[PDB]
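Remarks on the structure that follows.
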Amino acid sequence: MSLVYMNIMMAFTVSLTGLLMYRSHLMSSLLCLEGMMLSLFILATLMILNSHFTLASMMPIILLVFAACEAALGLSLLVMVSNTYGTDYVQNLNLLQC
Amino acid sequence: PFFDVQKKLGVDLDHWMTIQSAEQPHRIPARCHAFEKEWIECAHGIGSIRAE
Amino acid sequence: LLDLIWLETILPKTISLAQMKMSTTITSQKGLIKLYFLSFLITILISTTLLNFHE
Amino acid sequence: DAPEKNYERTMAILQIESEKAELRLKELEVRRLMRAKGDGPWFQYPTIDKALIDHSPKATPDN
Amino acid sequence: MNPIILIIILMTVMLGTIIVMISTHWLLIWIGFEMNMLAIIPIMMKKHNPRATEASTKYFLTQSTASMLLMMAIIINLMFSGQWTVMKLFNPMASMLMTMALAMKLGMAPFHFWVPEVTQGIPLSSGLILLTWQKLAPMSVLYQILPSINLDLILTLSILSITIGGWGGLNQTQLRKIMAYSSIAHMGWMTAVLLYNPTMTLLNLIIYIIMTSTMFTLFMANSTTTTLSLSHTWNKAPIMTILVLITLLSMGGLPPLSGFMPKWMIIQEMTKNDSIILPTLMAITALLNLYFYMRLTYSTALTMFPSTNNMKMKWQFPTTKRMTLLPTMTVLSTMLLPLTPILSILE
Amino acid sequence: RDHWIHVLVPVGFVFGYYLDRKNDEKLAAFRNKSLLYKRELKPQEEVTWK
Amino acid sequence: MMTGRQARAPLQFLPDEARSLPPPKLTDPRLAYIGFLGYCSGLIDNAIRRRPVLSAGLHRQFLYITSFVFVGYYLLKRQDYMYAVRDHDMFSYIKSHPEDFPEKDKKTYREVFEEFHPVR
Amino acid sequence: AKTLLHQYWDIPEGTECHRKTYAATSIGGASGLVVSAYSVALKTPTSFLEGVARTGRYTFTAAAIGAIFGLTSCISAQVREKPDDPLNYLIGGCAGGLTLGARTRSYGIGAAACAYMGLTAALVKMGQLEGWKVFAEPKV
Amino acid sequence: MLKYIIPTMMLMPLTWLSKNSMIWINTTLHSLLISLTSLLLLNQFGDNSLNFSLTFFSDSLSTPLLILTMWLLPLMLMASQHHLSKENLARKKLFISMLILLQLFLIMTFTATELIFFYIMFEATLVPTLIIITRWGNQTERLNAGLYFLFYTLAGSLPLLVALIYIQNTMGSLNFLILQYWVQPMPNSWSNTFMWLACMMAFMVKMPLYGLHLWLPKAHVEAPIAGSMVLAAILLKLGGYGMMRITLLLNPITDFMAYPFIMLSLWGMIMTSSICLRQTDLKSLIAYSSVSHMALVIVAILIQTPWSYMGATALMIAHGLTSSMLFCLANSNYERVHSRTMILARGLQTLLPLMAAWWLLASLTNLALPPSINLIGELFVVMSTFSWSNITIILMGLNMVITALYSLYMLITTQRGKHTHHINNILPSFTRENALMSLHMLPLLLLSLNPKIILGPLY
Ligand SMILES: CCCCCCCCCCCCCCCCCC(=O)OC[C@H](COP(=O)([O-])OCC[N+](C)(C)C)OC(=O)CCCCCCCCCCCCCCCCC
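Given below as structure tokens:
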């Protein structure tokens, strides 16, 4: 297929493996998650603008809004984590091993 | 479970954005309107197993 | 020797120790989110490259 | 019971159970053929309804 | 929580699952999952302790990752099919990604790694919602995409879920983790019979929801979250020991009980398709689940563990808890096997 | 009745016996149609067995 | 399996052609078993709340029996309907495809040779 | 690695010993790499040297099991001239079990792995013979 | 068969609506009425089985097992009412409910026209047995014993489920009456080999087979008296019943598949009987004797000759009566010394003469004294296995020595010798206990007058 789809999919997989291999922070995880959402926005947008399918032009906006609301939820979760340990470190979230 | 509430109650919740050959604003055709219309009118009613 | 040890050893005790040992290897997780998502990435890589489930 | 009664009751039981067994074998064969060919009423996995297609004259003619 | 806000949030959970069930567009499927997660997050953080916040964080990360893989599968479906019908998938890459996304939403192994954590961190009612109602929407999507599900993938996920959920609960003394590993094993049982006969998938889902709702309702009635706290039940409420006895003997698949019904029917639809090794290995692996069910019945019903002195005070207060549908679910989860051919109502 | 509990199990036999007779008429398709025991009906007789 | 059959008329518990079928009698043994489940639900409901199990709430036990018989009657009607639809599709398919269902030559045992295996 | 099994099973038994041994060695090495990947995943090693040591240990253990399995089964099917015979894979599976016991430095695990892996390899040969399917395609 | 299932279910209101002192007498009375009603199953024909319905029939194999099963419930109620006298009334009614429910499952296990219904009832019999053992057993090891009893049976029987569903898909039916006429010969393959094993190993465990019998000297010993009676007298015989049903479908492959298992039984009856020579636990001695006697039933079913089936079903009925009486005698001394050590209480004929005579009769029927039906079954199995191979008589005959040796040693250790000095709570024998012994032994000795009713469908 088209050559720009290669780069947008590979960007999605780069941000996937960033979101699938944490270092320390939960904020860097949410950044990788929203990079995944951004790459989905770009890819759905390039398809819908390519094929001239008119009614799906409202589709990525929806894909923005919900997922941006999703990001808000995650940020609040992070803040509750940072209201317990003082950092947003993912290694402090191990109380449920037992 | 596909509880087909839309066909039962006669409402159109999401069928309009489903295909490119549907009713578009200001009668804008997609770039593959004829091909998708031909594929849908071929594969209609005969099931997926026959349609493949 | 037979009906208090060996026929008691081969069928029930070996299988029971096997299930106990696999149960202690499965549930020996440290609760770390990093390790679970790294296992998910290894899962996706083995499912694509090693098992060809995308073909 | 009379031996007549047990005998004819056994014939009735054997007819009913032989009919059910032949119908289960036919049921297996019918399911196999309808999954293989997809031409019967079963395994009719859905396709797109062609009533959704807009057959109006669009904005550009080449379609 | 404000009870009006609780009612609106539970209706929004139910609304998101219904929007997954009744919609024909993929964006509305994704919207139903987003609405469902966004509304179930306060149900997990109801008691406001760090275990609930950690559990909600882990749940958010796994379900967000699954929703992103779901939308990527949908976008690749729009690439290779040009349309949005919730039906079969027109690319094996999109089929693989959607099967992975739904496996992450269900907690099927090796994406099971969030289910015993989160169920431990949250209350018993929210864990009831997570293990019964939150299995409905991904199994509905797996019901509708099964002409494109790869066989070896779904069977690998199924046997791996059954084996890992079997070996999980043998080491467990916490009841919510026991129900979580039971969830992983039963979801493996549901998806194994999926491509052969999805009516038996629906039967297994309904019987599992009935039995799990019975066990969580007994756990909420007795206010027990550990095995050793459940062992105090005979000195307080002796009928509840009989109820957890018959329900845990049902959940192991022991005839003549109703929980024998799904797995038998699963075998009944897998030996038709000339698979003999796979339902045999699955049935033998279910003995692990039955073993830790028997462990719980030994601790609760069939012996009498020592209680304490303060239990004598609780003899003077009857249960003021709304044990909703507990006789109905207890009867349905045990005495339903003579009504086995009722399963044709799910066809 | 002063001793109403001693008729649970005997009547449960009698009723059960009744159901067995009630099932026999549902398995009466080959009554007087077996190749061994078919015969002309005796006068004032409608069935060979009941 | 039959999801394309009940897709032209979706979300019908009992369709119109279900009325062509005989309904179950009120003395159905399956319906009596579901009424027994209602009685067991009533007894368990009195047992869990420390009530006299046979005595307390005869109105409640009677509503248990009534509600389970009421739900189970329609469940049995739909059950009989779906098995009749299964058999109708089977018989229509065998009638429409004679080449897939040939009439077998039934040979008597005077021609049929089976290998004998002596048990000794 | 579906084609690893295909380049194992396409060669008849007791005909080409080195390539069957190499194919079973590669199957065992791939299984060891998968177990090593999940093992360094779920249980973090203390260093990169410990991680590559665990990877090499599990990989060489599983590959030696596969190598001695394929070697023993092929040599048994040559000296018996019975390729369509699961006793060859019974002997090879007990050889792989004793290999596992030698790598784990224990006799009881060696005998248990002999018994269970021999019965498993016998069942696999019988499944290749009579056509037993574990991931059976839906037909009815 | 619905004239028996409904009274057995009406035994549940008969025990839960009874007055608190009448819940043993009423259940004993009406269970004896059901056992008198059980004789109508003796309407057996030389050609056709007594075929009731699509769900139930009863040939001459299932009929004596049914009569023994319906007879065993009043005897279990008489046996188990003394040591459960201090029990709570609700748990007492629950124990009676578990016994009634186990009888209910057994009577439609032996009359199952169709084999998957046979499987459902056959594995339904686990749960009341498991609850009785793991709830009203006396010692600590009842829990572990219930685990072994549950997980040998389920691990043997879950392949039986897949095998029976495979027969339902292949042959079209699992009706036994249909499969009498639609049986195909099973050829030689590995697929048919594991078909044979999946159809047989569940019943091998339930008989029990030697090497797989490890559940039984724990399950029979750690049970209460009613549990031990129903486990020895009926629940072992489900395996012989099921093998005699299922070897219809396993020919001619059984003719070369039975060779290891016959060895496991022909050696097993030499081993377990020898184990009975060194058992300090008397109840374990009776348990290993039960293994030793059921080894002959396994051999006789696997050689599948008519004399072997006649002797095997006669041995099943006879061993049910004899082993049930031996467990009841061991209970009659356990309720006086509160221990199961056999060397502890000695010289009991000096103190209890009539109970020593009941021990004498149970030991003589244990050692197959003619003309008991013990000897009729033992002798006919020995005849058929001499026809099978002429060397087996050695393994038979030496067994008939060792079977005598522990049958009288049990009589000499407990009843004879010098009485134990310090044990002074040896009460005189109750009328209940002698009633229990007589209701075991008098039907067993009356069946020597007319043994043709316990010789199976091919008399
Ligand atoms: C109590 C403990 C011991 C229990 C022992 C139980 C029996 C031992 C053997 C069981 C084998 C598994 C069930 C086989 C069912 C066969 C049904 C059938 O149609 O077979 C033919 C089918 C043949 O397939 P088919 O019939 O579709 O083929 C068509 C016909 N041909 C061959 C011509 C093409 O066999 C199989 O598919 C596989 C049979 C072997 C299965 C091996 C896996 C299980 C391994 C053994 C497990 C034993 C119990 C484990 C637990 C032990 C205790 C923890």
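Chains as they are written, first to last, in PDB author numbering: chain K, 1 to 98; chain l, 1 to 52; chain L, 552 to 606; chain W, 81 to 143; chain N, 1 to 347; chain y, 8 to 57; chain o, 1 to 120; chain V, 1 to 140; chain M, 1 to 459.
Here a beta-carbon is modelled for each residue, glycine too, at the ideal position from N, C-alpha and C.
A distance of 7 Å or more separates the beta carbons of residue 137(W) and residue 5(o). According to DSSP, residue pairing for residue 57(M) in a beta bridge involves 51(M). Taking the CA atoms as reference points, residue 275(N) sits about 9 Å from residue 269(N).
At a threshold of 6 Å, residue 280(N) counts as near ligand 1, since its beta carbon sits closer than that to one of the ligand's heavy atoms. If the five residues before and after residue 213(M) are omitted, its C-beta is found closer than 7 Å to the C-beta atoms of 291, all from its own chain and listed in chain order. Within the same chain, and ignoring the five residues on either side of residue 111(W) in sequence, the residues whose Cβ sits closer than 8 Å to its Cβ are 122.
Across the structure, residue 590(L) and residue 37(V) are spaced so that their CA atoms are roughly 8 Å apart. With a threshold of 6 Å, the Cβ atom of residue 23(o) does not count as near ligand 1, since no heavy atom of the ligand is closer than that. Three or more Cβ pairs closer than 8 Å define a contact, and the segment 108 to 121 of chain V falls short of that threshold against the segment 239 to 256 of chain N. Boundaries of the alpha helix (DSSP H) around residue 22(V): 17 to 42.
With a cutoff of 7 Å on beta-carbon distance, residue 20(l) and residue 13(l) are scored as not near each other. Approximately 6 Å separates the beta-carbon atoms of residue 101(W) and residue 178(M); this is inside 8 Å, confirming the contact. If you check the C-beta of residue 191(M) against ligand 1, you find a heavy atom less than 6 Å away. Remark: C-beta atoms of residue 195(N) and residue 151(N) approach each other more closely than 7 Å. As computed with DSSP, residue 281(M) is found in a beta bridge with 341(M). Between residue 93(K) and residue 54(N), the C-beta spacing is below 7 Å. Proximity of the beta carbon of residue 116(M) to ligand 1 is not indicated: no heavy atom of the ligand is located closer than 6 Å. With a threshold of 6 Å, the Cβ atom of residue 130(V) counts as near ligand 1, since some heavy atom of the ligand is closer than that. In the DSSP secondary-structure assignment, residue 82(M) is not bridged to any residue. Collapsing the DSSP output to three states places residue 85(N) in a strand. In the three-state reduction of the DSSP assignment, residue 22(K) falls in the coil class.
Under a criterion of Cβ atoms nearer than 9 Å, the residues of chain V adjacent to residue 108(W) are, in order, 140.
In the same chain as residue 244(N), and ignoring 5 residues on each side of it, the C-beta atoms closer than 6 Å to its own belong to 218, 300, in chain order. If the five residues before and after residue 39(M) are omitted, its C-beta is found closer than 8 Å to the C-beta atoms of 67, all from its own chain and listed in chain order. The beta carbon of residue 384(M) lies closer than 7 Å to those of 300, 303, 305, 307, 308, 311 in the same chain, with the five residues before and after it left out. Looking at the DSSP output, residue 114(M) shares a beta bridge with 175(M). With respect to the C-alpha of residue 9(l), the residue from 22(N), 222(N), 208(N), 26(N) having the closest C-alpha is 22(N). DSSP links residue 89(K) through a beta bridge to 25(K). The beta-carbon separation of residue 369(M) and residue 267(N), rounded to 48 Å, does not stay under the 8 Å limit for a contact. Taking the beta carbon of residue 164(N) as reference, the chain L residues within 7 Å of it are 577, listed in sequence order. Within a 10 Å sphere around the beta-carbon of residue 40(K) sit 16 or more other beta-carbons, which makes this residue buried.
In this structure, ligand 1 has a non-hydrogen atom nearer than 6 Å to the beta-carbon of residue 205(M). About 14 Å separates the beta carbon of residue 256(N) from that of residue 207(N), a gap too long to meet the 8 Å contact definition. Here residue 215(N) has 179, 244, 247, 248, 251 as same chain residues with Cβ atoms under 8 Å from its own Cβ, once five neighbours each way along the sequence are excluded. Pairwise C-beta distances place the segment 68 to 87 of chain K out of contact with the segment 553 to 565 of chain L, as fewer than three of them are shorter than 8 Å. Contact of residue 112(V) with chain L is assigned, a C-beta pair being separated by under 7 Å.
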